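A closer look at the structure
Now for the letters of each chain:
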There are 4 protein chains.
Amino acid sequence: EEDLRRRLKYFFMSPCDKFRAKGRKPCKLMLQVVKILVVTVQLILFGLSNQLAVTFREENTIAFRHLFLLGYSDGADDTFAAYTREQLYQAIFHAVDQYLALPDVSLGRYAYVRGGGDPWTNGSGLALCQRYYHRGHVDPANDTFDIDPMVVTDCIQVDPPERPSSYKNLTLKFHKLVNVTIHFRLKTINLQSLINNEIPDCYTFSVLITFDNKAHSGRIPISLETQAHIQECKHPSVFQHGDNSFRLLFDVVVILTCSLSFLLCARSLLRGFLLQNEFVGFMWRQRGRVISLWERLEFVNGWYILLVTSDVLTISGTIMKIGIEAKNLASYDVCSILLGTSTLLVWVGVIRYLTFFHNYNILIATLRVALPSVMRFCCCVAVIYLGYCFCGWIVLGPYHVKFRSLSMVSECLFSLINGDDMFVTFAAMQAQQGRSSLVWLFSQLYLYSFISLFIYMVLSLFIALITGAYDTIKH
Amino acid sequence: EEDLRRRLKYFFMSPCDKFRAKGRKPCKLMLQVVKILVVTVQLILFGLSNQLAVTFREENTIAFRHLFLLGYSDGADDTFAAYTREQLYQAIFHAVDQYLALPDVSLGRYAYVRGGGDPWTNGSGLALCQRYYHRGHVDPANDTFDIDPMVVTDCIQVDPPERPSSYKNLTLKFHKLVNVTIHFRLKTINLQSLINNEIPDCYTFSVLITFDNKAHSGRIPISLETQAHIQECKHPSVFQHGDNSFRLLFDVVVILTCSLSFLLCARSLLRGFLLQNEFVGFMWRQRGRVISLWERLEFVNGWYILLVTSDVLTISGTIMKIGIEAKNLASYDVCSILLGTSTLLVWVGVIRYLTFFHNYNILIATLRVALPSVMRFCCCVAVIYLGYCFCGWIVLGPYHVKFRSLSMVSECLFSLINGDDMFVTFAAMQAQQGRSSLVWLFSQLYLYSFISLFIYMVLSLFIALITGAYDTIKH
Amino acid sequence: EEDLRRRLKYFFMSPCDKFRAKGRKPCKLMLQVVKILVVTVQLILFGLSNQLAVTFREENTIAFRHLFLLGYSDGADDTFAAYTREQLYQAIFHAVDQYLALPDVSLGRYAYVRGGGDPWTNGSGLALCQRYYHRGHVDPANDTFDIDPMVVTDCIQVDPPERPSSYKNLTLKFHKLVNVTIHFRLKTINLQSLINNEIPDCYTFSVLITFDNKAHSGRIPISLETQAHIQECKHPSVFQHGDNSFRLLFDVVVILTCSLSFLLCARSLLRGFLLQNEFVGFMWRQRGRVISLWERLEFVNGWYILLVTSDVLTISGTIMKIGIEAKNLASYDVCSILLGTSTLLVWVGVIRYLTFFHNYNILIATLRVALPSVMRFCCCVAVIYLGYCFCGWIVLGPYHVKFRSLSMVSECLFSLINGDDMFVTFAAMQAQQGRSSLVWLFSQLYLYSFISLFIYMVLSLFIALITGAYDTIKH
Amino acid sequence: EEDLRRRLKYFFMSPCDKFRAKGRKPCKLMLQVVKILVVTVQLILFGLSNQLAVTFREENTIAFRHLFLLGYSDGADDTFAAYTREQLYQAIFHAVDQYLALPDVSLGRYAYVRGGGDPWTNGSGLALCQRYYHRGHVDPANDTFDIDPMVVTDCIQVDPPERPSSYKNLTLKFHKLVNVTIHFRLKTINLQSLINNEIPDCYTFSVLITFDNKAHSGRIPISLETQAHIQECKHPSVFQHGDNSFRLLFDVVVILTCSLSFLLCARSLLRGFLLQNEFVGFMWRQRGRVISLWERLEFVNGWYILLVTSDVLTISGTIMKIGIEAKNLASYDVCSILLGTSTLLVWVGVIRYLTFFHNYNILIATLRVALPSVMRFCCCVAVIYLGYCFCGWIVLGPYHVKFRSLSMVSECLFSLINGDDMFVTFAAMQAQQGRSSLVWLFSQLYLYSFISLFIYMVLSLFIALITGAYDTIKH
Ligand SMILES: C[C@H]1CC(C)(C)N(C(=O)CN2C(=O)c3ccccc3C2=O)c2ccccc21
Ligand SMILES: C[C@H]1CC(C)(C)N(C(=O)CN2C(=O)c3ccccc3C2=O)c2ccccc21
Ligand SMILES: C[C@H]1CC(C)(C)N(C(=O)CN2C(=O)c3ccccc3C2=O)c2ccccc21
Ligand SMILES: C[C@H]1CC(C)(C)N(C(=O)CN2C(=O)c3ccccc3C2=O)c2ccccc21
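In the PDB archive, cryo-EM is given as the structure determination method for this entry, at a resolution of 3.73 Å.

The PDB entry annotates chain A as Mucolipin-1 originating from Homo sapiens. Per the PDB record, the entry is named "cryo-EM structure of human TRPML1 with ML-SA1 and PI35P2". Comment text from UniProt for chain A, heading Subunit (literature references left out), reads "Homotetramer. Homooligomer. Can heterooligomerize with MCOLN2 or MCOLN3; heteromeric assemblies have different channel properties as compared to the respective homooligomers and may be tissue-specific. Interacts with PDCD6. Interacts with TMEM163. Interacts with LAPTM4B." As its UniProt record puts it under Sequence similarities, chain A is described as follows: "Belongs to the transient receptor (TC 1.A.4) family. Polycystin subfamily. MCOLN1 sub-subfamily."

This is the structure in structure tokens:
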């Protein structure tokens, strides 16, 4: 600490006094400032392209309910179920002929696929497919049942008529059926070339309609699910790259300011490699047992790891982004996360340069000194939260509605310790007030015991653990 | 305390130092650790069987609305009410003929019951039953009314036609009717042998449809309620016990690790029987008046009573669980509570072994020293909560909706002191702004006075009583 | 204070030590204990009678929508509005003939009224009544309009046919109409003699159906409102007073225990009349200027005024209650408040006898010493709450929905400072995002400024004002 | 401070002692008191006129759905969309003929416009207008597409028949269409002369109905939007200004009490001009460096700037208000804000005269001394709030519903840090549990990380920063 002190003096300056103590320009700092205004614009200019490309996937699904399902209304997609025998027939037949008579009745200008896949042959594109147990004979009240699990794949195909059948001959064997599925495809031309302002892309759907019976109980859920798939196409349209060469040059400007940002922040951390061996030569281990590496973690540059973490995930989006043009990758998911997560790390990086004004120093530093004592209390409670979910996850599983699945129960109790959807979870049990009247006696004790523990006893400590950390640090 | 001290020294060790001070293995401890991973799997492997067996009870009820009720739509089951004279007829007749013409129109493969019960004879299975006052003659505006309570059980039965009537002759006497009920049964074969992967069970319903009039006011609620009943049946199906003998052997492994857990925890408490008489021989009652038995309650092993409480309720489920196979008991309720409650006591048992790290010692111990002062404040408030329900329980009883029943009001105010369903309870009165305008003047003062008392005055003490207990114990 | 001290010593005893210091029995106390178990049963035994007598008023209103309104469905009673010209006709005509053809089509056994009132004559019971401006002639785009306010009461009556017309000749003058109303009555026999178990009462409705146009804007709200009126009737039914003489004798037992309760509590306060003049003779005003009468308010018996307030309102219900039998009063409102409010004052009277255990003494007494400082802060805020309602009450009046009326806005902001119906009040403006786009710019600043003031700045003082009162009183 | 002290002594008196130390009447004060009772009545007497004049704009929009849209029901205005080819036709044709056959079928007494505007000619008033790409030819699966953006304005007009066509010849070219719009107008006479009690105004609508397709995806949203426009008209009606000259004279009384209020409050601040130069002559800058102008901001009259701000905005409403009579301005928006904002500043002006009672002095002054330390903490958090919106604003943009637009996300998170609409935002993702299953893995971490930061860590400091300011100021 004779000559190390002035060498370590530069290692904990402010940004402001160091500029006057040495005289080197804050471009090493202010590149962080401009890349805020870079990447935020990069997100929103991605955001106009994404928000269009999902509504095209969305609206064509909403449309295909109102073409291929008899008597569909909006809203409930689960209550739509066929009960009678003939409504299973009529929903099938009303789904078949719309596929047959499509371009005379539809608006949207679609085209048939002429497939060759594995639930297809060559020539046909639609396929309805019965599924039932091969070897079996069941009867109640004179009880005998063979439930030999073996499908009977009766994929009775049908071709489309193109240009200006025996599916009527159909039986279903309702005592034995498992499910009836219907596969086909349609091609389309997406036509949302407003914000691109030029060349669009050319998409391909695949529609499944399922008359499922995994219940054998007299109710058949009727569903529609799609997947959209994308490829490229040949255009005669005119004057593409006008402002559209400018976005590509702009993404270079995006990848300009991040490129040198990786270099200097590593070079700033490279100084730590040059200082960590000098400290050990404090009179050539005259003490020696200072070294325990957690005190060296303060000697490690702290929040510089955050900026370099933001920077790697930043360039991983823009590299992935320019695959929108002529690469087979067009899944906008991984562009959304990587340009979504990296923007979250940029804005929190400015916090480090916010804590040098003294009335900003002493407030966020409370979160630094509390989080050791926070994490140690937190493991006491999180046993009990997890230990309390597994009771209601099967006990109040089917009887309730919002305690059905795996992760929704983990949402439901944690939503209930703040005060939203609390009374409705009380009220939904009371239709079972006499029906399974023992279980309502348990659920009423289940929710009364719970929030009396977390809200009225635990979270009061969770205030007083943070109130202390502000209290100790201001004196 | 000469030789007692080292004998009592072992009585408040940590688990860790005792292993090195004597040298006996922590299998006495770690059986608690593995039975976490036992019973939690036992719950979820019960959970796949239960969640299927209620949806079969659920979906067949949802189906039987859409067969036996004219013009039923989903959602509201209470607003469905017949007002005219003939809609009482048409709903009956549309309920009758579906029972007659069932297997030609339904999917689900049911069978008739050919009953012999007390609202039955032998031969018929359906019975509609008028109910009215025997001796009476009423007339408004020339006022005379005999309301002699005496049923007229006119159970006009009807048989089913099985294999490839005068209920039309029916009058109801609408000025005198009480209610019209309809009883029948149906058998079924549950066919959810996916997760069993082999042999299913064979069920039996009983359906009641009630055209109730306990109002005599021109509206007839129409309802449907079932009960499911289970027995066994003879199977030709093949290769049952493949992985299904393995679950039975697994339940022995469940009842393995709990069996010895009862033994050793009692033996640990058996040491207390060997130490409680030695302490009294502290120089042969040289003091004597130490003994007041609450100080002996700390000398009582504290949380060991919790594990033995968890263990007895654990084996009471698995014994009850193996009655799924070939015992007449099949009510999954008491298996759900006992494998539900015992799992809640397991996870909280680990808390005891969590409080020996010193920053875990001093946080949950606050709840120990506060709960005396908590319980004493709590009896002051809970008089007022109960003393405030009984006002609104009949005053705002019929005028409101969510203040109707007994226990829902106890839910409603306690939901209202946190902040869910608060504004809607204000808003529902304002349709009675002129109609009974005095009562809305009371309800507006009812809810304004209330949360100004509990939220703004009482619960602030309920924070400051717990904040103190953290404050005193950290110095 | 020589001989006054022992005389004032009895004036602040506990209840417990005074029983041993003098030896007089606690029947003076325990009558408060038993009247808890009296009046609470009196409320609930009133509650079975009230909850039936409103559902009869309720269900007959719900029924008369489904008879007299064309195409009514449940739920919305405001959106039901006739737009076309002929749907005003068809709803009238479908309301007329149901009144004509009632007993052949209805269940409920009603009877016609044969009225003689002021919008009636003798002979007819139904009356439809046009209302329009007498002297006027309006025309847009060649603009001239006389809006002389003068009704034209064209009450075209019609009689009913009783026992086994020219309303068709009707024009309405749609350019000039104000509203069309329809009056009639029906009698009934309430038949809910289950919990009385004997003699019922005989009721009378009056139904108004209004085709209002206070808008002249092309939409006519269609409404139905009733009033129920009660009188008595002659019965042939048998064995009335079996357990029904027992309730009358029970109400004497109710008015037994309250009667002497007024006497002794006044006599306890009568001691204060005997002590207030003795204190002034403290050495014959040797000081004199002690007397300022607020220190005498502690010398006033404090919570004894509460019991006597509960007692007067208690007997005012039971006196009012026995008018159910044979008095013209049958309005259950004032029985509901007076047996509702008096029960609230009984349970809070027990609190006084709860604060002598020392860990109960020092907790509710905080509310005593804080409420001076509470009320003084409270007048600072309640200016601002009232000063903030009047902005949104007309500015966000019609544009919103839940800021419409007078007192609902006073509900709405106070519901919004806790956290229910908060986001929906934000979201409802965004349909006016472009339509009146200036006003949404104001509402977004209206709700952002507000809860940032009360929740984040004011209510934090409202915790710290109560936390102090617990803090000062425990040292 | 020799003679300045008594001169500055008057500068910080109370209002009460100054009245006795000099003897000048508090009319200088009490004009603030009466203008509370002035302007509040002025708001509400404006409020009766405004609340009528928007319902006339409201109800005629609600009516025109039920005339011009086939099969419209109430509630959802977005789900109403035509899917088939002919339902686009039938909704157009059912919109056309109602415009043709209006006065025989409607109630409301409208009149046609006989327009001459830019999407009009002279003679016709209705115009339907196709819009499609001029030069283009598209085809999927043999891919070629020309998307040359050029409208084809085929506004096929049509006249009305007035007094007692070839739009049938119509094709739409569905493969090429952009949108179909329909313009017309209607005049009306508002007839809500109840609270004016005399002369009404004469209005003019303009209705647009849009069959938009900015999607080209097989769904056409169908919408209706209006704008109301007002002018004046000639009346024969009688006895106008009875109480209506009295309101005009009352607005002078409103502008009376505000007029002198500007004068004296400025004159009170004019004293500051007479005192600010005297203080500098404190022994002719014997110190001099006191002067830093923030200490002079306390020497600036503080809350007097608030009253003069309220007063200027007060007269700007009433001047704007009397343009209701005979000026072309009739937009009630700017009267609503200026009579809405100025009332908010009046009631908060009374607060200054509330803080001289000593238990009122020391409570609101906490907000004065905290707000420096509040604002400095607040800029640390508001970076993170804004830095966290931009992630979810495009990532959870289309996948969610309530994260769609720009400013609703800013509402949504801030609604979520208090506890309303919290669980529903969790639950809406789980329909995408398998569909884009990666993104739900991100949203579940998005909302778990968030409120664990603001609610459980940040806002606890936000209590402890205000609790301190009450704590320091009371000692
Ligand atoms: C979110 C944070 C805040 C804290 C301490 C108040 N807290 C709880 O209130 C209860 N709680 C769980 O039992 C839990 C388990 C798994 C995920 C999230 C949670 C969860 O919210 C908790 C507990 C464990 C881990 C994290 C937390
Ligand atoms: C749940 C616990 C928490 C505490 C103290 C805050 N608290 C209340 O806020 C009000 N309150 C009752 O009047 C009450 C009565 C019966 C069951 C549950 C409750 C109930 O929640 C209360 C009062 C009595 C007994 C338990 C409690
Ligand atoms: C209910 C009590 C609690 C307290 C102090 C927190 N508080 C408010 O938060 C705001 N507030 C009003 O401006 C107000 C005005 C009229 C009736 C009720 C209220 C009302 O709740 C308030 C203010 C004035 C009078 C009473 C109260
Ligand atoms: C309303 C006030 C209260 C305070 C401090 C608790 N607080 C927040 O909790 C979070 N927060 C924002 O990130 C934010 C950004 C823009 C407008 C409003 C807000 C906003 O409410 C905040 C933060 C920044 C500016 C004002 C505020």
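Residues and elements named next belong to chain A. Together, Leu37, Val41, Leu45, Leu48, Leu194, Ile195, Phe250, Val252, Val253, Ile255, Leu256 and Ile319 make up a nonpolar patch on the protein surface, roughly 1,000 Å² of accessible area in all. At the level of elements, helix 3 (27-68) and helix 6 (244-275) are the ones that each hand at least two residues to the nonpolar patch. In terms of residue count, the dominant contributor to the nonpolar patch is helix 6 (five residues). As for its placement among the helices and strands, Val252 is situated in helix 6.

Here we take up the site of ligand 4. Inspection of the region around ligand 4 gives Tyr456(C), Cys378(D), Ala382(D), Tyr385(D), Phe414(D), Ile417(D) and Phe462(D) as its neighbouring residues. Neighbouring residues of ligand 4 are not confined to one chain but are distributed across chains C and D. The protein chains hide 72% of the 500 Å² of surface that ligand 4 would expose on its own. For the shell around ligand 4, the element with the most residues is helix 11 (residues 358-395) of chain D, which contributes three residues. The class makeup of the residues in the shell around ligand 4 is seven nonpolar, no polar and no charged.

This part is about the interface of chain A and chain B. Facing the 64 residues of chain A at the interface are 77 residues of chain B. With both sides pooled, the region where chain A packs onto chain B buries about 6,700 Å², and carbon together with sulfur makes up 69% of that total. It is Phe145(A), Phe423(A) and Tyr456(A) in chain A that bury the most area against chain B; as a group they hold 12% of the surface buried on that side. Joining chain A to chain B, the criterion identifies one salt bridge. Between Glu59(B) and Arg219(A) there is a salt bridge; the shortest N-O distance is 3.2 Å. Applying the counting criterion to the chain A and chain B interface returns 14 residue pairs in polar contact. Those elements giving two or more residues to the side of chain A that touches chain B turn out to be helix 11 (358-395), helix 13 (423-427) and helix 14 (437-473) of chain A. If you tally residues by element for the side of chain A that touches chain B, the top one is helix 11 of chain A, at 15 residues. A class-by-class count of the residues in the side of chain A that touches chain B yields 39 nonpolar, 14 polar and 11 charged.

With 77 residues of chain A in contact, the opposing surface of chain D contributes 64 residues. Along the contact surface separating chain A from chain D lie one salt bridge. Our enumeration of links across chain A and chain D arrives at 14 residue pairs in polar contact. The element best represented in the side of chain A that touches chain D is helix 3 of chain A, accounting for 14 residues. Looking at the side of chain A that touches chain D residue by residue, the class counts come to 39 nonpolar, 25 polar and 13 charged.

Moving on, we get to helix 10 (residues 333-347) of chain D. Over its 15 residues, helix 10 of chain D runs 22 Å from end to end, which matches the ideal 21 Å to within 8%, given 1.5 Å per residue. Here helix 10 of chain D lies mainly inside the structure; 11 of its 15 residues are buried. Residues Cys335(D), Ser336(D), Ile337(D), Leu338(D), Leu339(D), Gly340(D), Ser342(D), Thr343(D), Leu345(D), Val346(D) and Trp347(D) constitute the buried set of helix 10 of chain D. The inward-facing, buried residues of helix 10 of chain D contact helix 11 (358-395) and helix 14 (437-473) of chain C together with helix 3 (27-68) and helix 8 (304-321) of chain D.

All names here are of chain A. Where helix 3 meets helix 8 (residues 304-321), the axes come as close as 12 Å, and the angle between the chain directions of the two elements is 35°. Handedness of the crossing formed by helix 3 with helix 8: left-handed. Across from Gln32, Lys35, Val39, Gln42 and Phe46 in helix 3, the residues of helix 8 making contact are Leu307, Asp311, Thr314 and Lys321. Of the residues assigned to the contact of helix 3 with helix 8, the class counts are three nonpolar, three polar and three charged.

Cut-off values and rules
- Numbers given for residues start from 1 on each chain and follow the written sequence, which can depart from the numbering in the entry; residues without coordinates are excluded.
- As they are written, the chains are lettered A onward and the ligands numbered 1 onward, keeping that order.
- Hydrogens and water molecules were not included; the side-chain quantities draw on all heavy atoms of the structure.
- UniProt positions are given in the numbering used here, feature names are shortened, and annotations may be inferred rather than shown by experiment.
- Exposure above 30% relative accessible area and the absence of a salt bridge qualify a residue for a patch, where like charges join within 9 Å and nonpolar side chains (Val, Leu, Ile, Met, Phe, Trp, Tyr) within 5 Å.
- Note on areas: these come from Shrake-Rupley sampling with a 1.4 Å probe, and a residue is covered only by the protein chains present in the view.
- For this analysis, a salt bridge means a side-chain nitrogen from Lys or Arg found within 4 Å of a carboxyl oxygen belonging to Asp or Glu.
- Secondary structure counts use DSSP, requiring at least four H or I residues in a row for a helix and at least two E residues in a row for a strand, with both numbered from the N terminus.
- Working definition: residue near molecule or strand if any one of its non-hydrogen atoms lies within 4 Å of it.
- When residues are grouped by polarity, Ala, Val, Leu, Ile, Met, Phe, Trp, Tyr, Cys and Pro land in nonpolar, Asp, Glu, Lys and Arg in charged, and all others, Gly among them, in polar.
- Two residues qualify as a contact provided that any one of their heavy atoms is within 4.5 Å of a heavy atom in the partner residue.
- Summed over both partners, the accessible surface that disappears when two parts come together, traced with a 1.4 Å probe, is what is meant by buried area.
- Think of a polar contact as two N or O atoms within 3.5 Å of one another; within protein, one of them needs to be a possible hydrogen donor and the other a possible acceptor, and neighboring residues in sequence only count if both atoms come from side chains.
- To estimate how far a helix should reach, multiply one less than its number of residues by 1.5 Å.
- Only protein chains enter the accessibility calculation, which uses a 1.4 Å probe. A residue is then buried if its area is under 20% of the maximum for its type, exposed if over 50%, and partly exposed in between.
- Between N-to-C directions, angles cover 0 to 180 degrees, with each direction set by a line fitted to C-alpha atoms, over the stretch in contact for helices.
- Helix crossings get a hand from a simple test, with the near helix turned counterclockwise from the far one by less than a right angle marking a left-handed crossing and a clockwise turn marking a right-handed one.

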